[PDB]
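Engineer: The amino acid sequence is not available; the structure is as follows:
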RNA sequence: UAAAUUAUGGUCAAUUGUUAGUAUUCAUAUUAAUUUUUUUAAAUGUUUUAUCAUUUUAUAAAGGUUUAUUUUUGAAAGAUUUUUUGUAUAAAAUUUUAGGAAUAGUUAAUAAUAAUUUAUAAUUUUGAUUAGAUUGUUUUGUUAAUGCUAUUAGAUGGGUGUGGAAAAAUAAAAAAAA
Ligand SMILES: [Mg+2]
Ligand SMILES: [Mg+2]
């Protein structure tokens, strides 16, 4: 019969695209939590190795019928703050949403403006971030960002990132995992190469110096005076509640 | 194609299927009607779902409400039993009045 | 000394439950049967209970037991009891389902004899090759339908006459003229004309009224 | 423990099952992967005592074990028992054989008149030997037999096997490769519950996800196909590569103190039997270049070049610049025999790994010698020239975007900057390897020496403690060698490197 | 005895059997009550324990 | 092993494939070397030797023939092991060198047994005497020599055993050089067997090794070979061989008695060969495997008188001197006594002139199997009958 | 059925067999057909998550999974950075293409098996010695062998929009992994399983304790 | 694998595609990959002869068997249902022309 | 209808208590008395926590009545790996009625989860359904007995969709995270 084809184990489940607690809304600061560490690792890649289609001369001109099909998941950098047409400009002024670009604005290019572009059909977002040059990271001459005027120079320095996403999807949609190639930075090794004049000025240390004095002792351990929560090595708490292993307890009160 | 395979455990029909042989008794007209009317109801029901959406949607919604709100929708050993009036036969007298009998087949 | 199997069973019961058995199980008690209904008015149509009926599936008298030594154990090496069976196809009225009558043996140690009982199974044939009269070899499988856990592994003997009758457009076997009755009342066949059915109906309803008059009893 | 791989075979026979050839292959591969070679030979003896004639894959799995063990007697016994009738493929024969054995079935007569022991079918592996020898794995038998005769020291039998293999790969067609069998696992068809944590689920470190590898690989792979999917000339190149690998294996077996990282003075210089070994390797390479003509321009020689570089790095003590020069000359020789203007290929990651390993072997040293704190280096070692030859090579690799870096590639750079005494390996480890790689603990086993050469003792102490916090944060536990390195300077640094639990157990 | 019992036949008399059960019940099954000979081993472990 | 496309060989492709030329090939040494290679095998070497793409009856006959070859080679392996054990036991109890044991004497045996009994060792003397007594009957180097040569010819006849005697890894016994030897002693030995023994297929079928078609065609070729060396002016048309001297030397292949004997029919007398030699007539019959058909296979006295009268009619030979005699042969093989009686009766040859014509007849040591009492009784009652005179 | 008539039937089962081997004539060895899959596995019902269309053990590999492949290596013009500037070099991508495939299928095989983010970035074109290849032609129509040098000329102004809806390991048996991450020609045949866990028997069948009398081996 | 079974419509759809793949091959015959395809057709024809069949499906089946040159294993029930179809009132001379051309291309 | 063959030239036995195991009392044995003994009166403290909450703590009885039975992937065991993934949901088989007859949320097919269709459907005189009695169990008793006679392991579709599993309104231990 129809009842005796398979068993009832592992039935069909409702997908996460139709559950509101699994779908990240773009009007919330949780949209910029998932998508901001993907930008700071892409700009680290684009400053160290040539990525093919991360920098264009214009916006990509797909037709209006193929706009929703081809554009989400695509990223490119342009020079200057020029926004695509048929979009409504919503500038992100929330400090709860702008705080997730803190590492991006400090250790890399300074974030000037973050804009969300919502179209007339309300189905294709575009996260526009305006950076102001120059980069705080050293840029390789063969890298992609060396082909950018705002990135190489130190209105003329501004360049914009464009990331197209769909509005109400689970946060696995707004992922950029094809840009996690870890290209090395040869800035500490450019000093000793043949292209540098500092190659004969450094002195090698082949042996350790003779230590007449031992290390400075730590100050005297004062035990705490407050009520502690208990032994963290059996409450399954990580060594400070932050990181480490529970089997290797360290950095707590004892 | 009259002998099953002892090694693979295939049936008498599957060995003849893998050899391209046809062993089928000459069917009567009702036995051909049983194998001929399987696609007719599918072509009827799919045409109904394409042609009358406002009625097929209401029928499917009422069927889903009747399925979802049922009391015995939890997959259990009671709901997973093949013959419920035969395995649980002491409930048919004093507890369950749906089945009036505990024997419906050869078991 | 060589201990019997009852020592091993007692050892199993001691290791499971901590003790073998609470003693004084017989108690020599007189089970008294008292009557409540009338003489011939027990509320059942077939079996009228008027004595102390013993309850038990294998603890009753005269004692039965399954007899595992038969034709199937002689032919097939089975991984478990009832895995392979050999029987005859008796019904193909359902699609992809052959009704197979098989036999087994039940042993009576008091009379020291084995008797063959018959069990009917529903087996599966996908290509519709089983005809009524085939000696088939069926095997256990998964649940296919509510009453289908066997399948036709091989046709050990095809009914040639049934297939040739199916080629003629006839039935595979001619249907029997006897069978199960519909009541204990003698089913009389009515041989009447078009005009004489009303008086036959009056006689039948008058006979039913006399059978209802039997409720009154005397006078 | 790996002994369970021998146990679950034995319980397979106690429970009255016939172990198939895949069970013996899996047991021998699992016991060879854990370094238990006598247990793998016991699996072979279990297979022989069950009177099972092995297929060519089981023969090759036994031959991998006895070329790793260096035992020629085992392979000669297996040869004289099974492989005396193996032939290569001929142009007249069909490339796959047809299935010979019809599956086991019984008629209506054989069900009755036969006894119950003839009607019984257990999955006996001796019935389908001719259907498992269907794909003609003769060349991987002959290559392993050429490996075991080179490992045992028999030059004439190795020459016979390699000459037969060379003539068969030059004059006979390529057999059809066996497709992989996916019915050996019970994996589900899809993920039953789709839920995937993000890469940045932890705010403290970058972690690997099941969807993508975001931390980068720890070990470089060759990125080549299996030995059965190769062509005949590609299998000849692979055969030369495997013979050089067995040369390297027997050289590491004969001189174990001169092939690991230093630990003694004898690592820096060549042994006496190295020059004839390099002469034999060069004769084999020139024999490969003389057999294959222009067709070697149309073959993948990356693993062969990496094996040539590790042979001319470990056996012959060559500099890293000499390894780069040999690799560039090899690629120019390969690009020049095409008789066109062409365009040369780049070195792969596995080719650059041996150049960086040669650079790390130049700057390598014997730590904590008899003079109590003086690292002994190679005679004639120049740190400036080695560092200048390392830096432009690293810039050459970083200029090529098609070379994917891994942790073992950065490890040789860190060990070279530690051994050259440039005091900049920690900054390279922070910028390139710390936050974006799954680094093992032995990185710090170089870097503590870079921590040891600091001016003040408090900088040494704080750098060691920060390295311990780095082991805590990025989920890279400290190895026994690093903890024993920090143990030896406890009178000076007073850094505790054992837990409060292990010491109370230890006493 | 059926489930979980090693008894295969009655002790003294039985209904008539055929085939391998006829050879088993009379000759080949176990019998520890035999005062002369123990239940015999499979071949060839019976020839060297004849005495 | 078995290859897809391998086929069993007849005698023509055996003498065509192994057609090489060799000079002064040692038969005993290469025989012992090939048998030493055979005895070093295991049973797993005998598994995959049947070619796959064949019908099931042909595969079953090939399996029966290969199992017969395997069991005869295993019996000779046990006999050779017992031989070497007895030779080692004699050379250990006596103290004589091992190479001179085979050339020792019975007076030497008496002296050694008396010396062992003089020292007080009657157990060792009885062991030496019993080992020498069972060594005189078995200790020759050519003991089952025709049987071993027919076994090796059958191993070549299967066609799947030729590659199993080479590609071994050996050591040099004097220098310890591990090498791979490509010398095939099986090919050289069977080439010498093919070149020297021109009737190796006849000895192969006569010993009961051929399970496919039997020894009947080999018997016909043997009889026409022995007729062409006695009549010396021989014509052969199909199934009829005739001498043209005027004296009747006729061999007629009548029919095959296996296919003609239909089970369940009443027809008395079906013969295989009919040989007219001068005034004598012989009905040469190969017996059947059915013991209920052997009583039907021999013709009646009236049928033999009719055959003799037909001979008197067609040949013009007077009925005063006409003699007809039945002859019965073993079904699956042909022992030595049947060939001796065949040369005595049907060709009128004694032992010495048949040994002059046939060299391999002296070393032919096949005898009747003791498991067949019905055939031995029927052949005793048949071959001891007088010539039926018309 | 009546078992006492079994052995006489066995005699007939001899005599029907030996006539059948003697009456008819076998024409030749019939070729072996590939066996399918049975839907009658024993035990309980399995799930659709583990339905892999194989319910028995077959240790051999049959003909539908066997492919005839050519190791085609295709070159790409790349640019590397040296101390001077850009230098043009060659990057080789090796695929196993079937012999009956077209050049568009070879291009799709290069696209799905490059696993490099810098090579197949725009619309490229396959060519041999500058002459471009027709993508609707077979490899045998051009005589392309393993030694044939094939180049891939890119047009970097475009952008290749691919849809990898076909899995990397797709054969006729429809068994593909979701975490496959590698072409099946590159992965090893046998490796250690790190996802599973070794489990021992924790449920004793009949023996539980003190003295092993019989062990309840019938159970 | 026994998961699905082909009726006559799937065979009448698959046979022109396989004939078109046969015409594009270098050899006249198809690859050895499709021997399991034709076998899946070969059991699908011999079962469908036991069911009811219209004239147009039999014509398309005969034209498909004539297009890609394949003789089915049954070959006799198909001729019986072609004998049962020639004297029908539905039969047209176009139908007889297709049937005779297909039987000449097969036989 | 074979017809009495002729050194009768070897007689001197048995018992030394050592055994291949259902053995029968129509009047004796099992039951209650001549004799029983000994107690028991409910109204009740499981514990950790981040505190008006959250983490661990899955087979009490009477009633109703059963042809049968077992094993969670999920929690734990359990480990410097990890996917709510580590094959649990099935089969054969054997009950009784002093006055013996009909039964059905029904059987199979199915592109059908959640059946608008098809069928000459399914059980039963080889004893069904219902009604009565009703846990079963070489465990008890008896005997020379393959005979007769007894039984107390258990389970539980509307109390809460929680939980891995409802077994959850009460159990002298199964010691329950220092
Ligand atoms: Mg767990
Ligand atoms: Mg229907």
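Structural biologist: Structure received. Numbers count the residues shown, from 1 in each chain, chains lettered A, B, ... in the order given. Ligands and ions are numbered 1, 2, ... in the order given.

Engineer: Neighbours of whichever residue of the stretch 201-350 of chain F sits closest to chain C, how many?
Structural biologist: Closest residue of the stretch 201-350 of chain F to chain C, C-beta to the nearest C-beta: residue F:264 (25.6 Å). All C-beta atoms are positioned from the backbone trio N, CA, C, and that covers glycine. Number of residues near residue F:264 (other C-beta atoms under 10 Å in any protein chain shown) recorded here: 5.

Engineer: gap between it and chain G?
Structural biologist: 12 Å (C-beta to the nearest C-beta, to the nearest Å).

Engineer: Figure out the helix or strand that that residue lives in.
Structural biologist: Here residue F:264, judged by DSSP states H and E, is contained in no helix and no strand.

Engineer: where do the helices sit along the stretch 151-300 of chain D?
Structural biologist: Assigned by DSSP state H, counting those that start in this stretch, the helices in the stretch 151-300 of chain D fall at D:155-171, D:232-254, D:274-291.

Engineer: winner for burial among those?
Structural biologist: Among the helices of the stretch 151-300 of chain D, helix D:232-254 has the highest mean neighbour count (mean count of other C-beta atoms under 10 Å in any protein chain shown), at a mean of 20.

Engineer: before we move on, back to that, nearest to residue D:411, out of the helices of the stretch 151-300 of chain D?
Structural biologist: For residue D:411, the closest of the helices of the stretch 151-300 of chain D is helix D:232-254, at 19.4 Å, according to C-beta to C-beta.

Engineer: Now do stretch G:82-92: everything it contacts.
Structural biologist: Contacts to stretch G:82-92, defined as C-beta atoms under 8 Å, 6 or more residues apart in numbering or on different chains, come from residues A:142, A:194-195, D:300, D:342-346, D:392, D:395-396, D:399, D:402, G:73-81, G:119.

Engineer: Run through the residues that contact the residue minimising distance to the centre of chain G.
Structural biologist: The centroid of chain G falls nearest to residue G:171 when counting by C-alpha atoms, centre = their mean (4.9 Å). By C-beta under 8 Å, 6+ apart, the contact set of residue G:171 is D:179, G:65, G:67.

Engineer: again, only this time at 10 Å
Structural biologist: Contact analysis of residue G:171 by C-beta atoms under 10 Å, 6 or more residues apart in numbering or on different chains lists D:179, D:180, D:182, G:64, G:65, G:66, G:67, G:184.

Engineer: neighbour-wise, which of these leads?
Structural biologist: Busiest of the contacts of residue G:171 [other C-beta under 10 Å] is residue G:184, holding 21 neighbours.

Engineer: Mind checking what secondary structure it has?
Structural biologist: When classified by DSSP: H, G, I helix; E, B strand; the rest coil, residue G:184 comes out as coil.

Engineer: Residue F:52: neighbour count?
Structural biologist: 20.

Engineer: Please report phi then psi for it.
Structural biologist: Phi and psi for residue F:52, reported as degrees, to the nearest 10, are phi -80, psi -40.

Engineer: Point me to the residue of chain C nearest chain H.
Structural biologist: Closest point on chain C to chain H, by C-beta to the nearest C-beta, is residue C:127, at 6.7 Å.

Engineer: didn't that residue look like it was pressed against residue H:5?
Structural biologist: Yes - the pair residue C:127 / residue H:5 is scored as a contact, 9.4 Å apart, by C-beta atoms under 10 Å.

Engineer: Between these two, which contacts overlap?
Structural biologist: Common neighbours of residue C:127 and residue H:5 (criterion: C-beta under 10 Å, 6+ apart): B:17, H:43, H:47.

Engineer: give me the number of residues near residue F:196?
Structural biologist: Residue F:196 has 12 nearby residues by other C-beta under 10 Å.

Engineer: Same check on residue F:45?
Structural biologist: The burial count assigned to residue F:45 is 19, neighbours taken as other C-beta under 10 Å.

Engineer: what's the neighbour count on the residue lying closest to residue A:153 once chain neighbours are set aside?
Structural biologist: Nearest residue to residue A:153, sequence neighbours excluded (C-beta to C-beta, 6 or more residues apart in numbering or on different chains): residue A:133, at 6.0 Å. Using other C-beta under 10 Å, residue A:133 is surrounded by 19 other residues.

Engineer: give me the residue from chain E nearest chain D.
Structural biologist: For chain E, C-beta to the nearest C-beta, closest residue to chain D: residue E:20, 7.5 Å.

Engineer: I'd assumed residue E:26 was in contact with that residue.
Structural biologist: No - if you go by C-beta under 10 Å, residue E:20 and residue E:26 don't touch, sitting 11.2 Å apart.

Engineer: that older thread, quick one: which of the helices of the stretch 151-300 of chain D is nearest residue H:11?
Structural biologist: helix D:232-254 (43.1 Å).

Engineer: The closest one near chain F at all?
Structural biologist: No - against chain F, helix D:232-254 shows no contacts by C-beta under 10 Å from any C-beta of the partner chain, the least distance being 16.2 Å.
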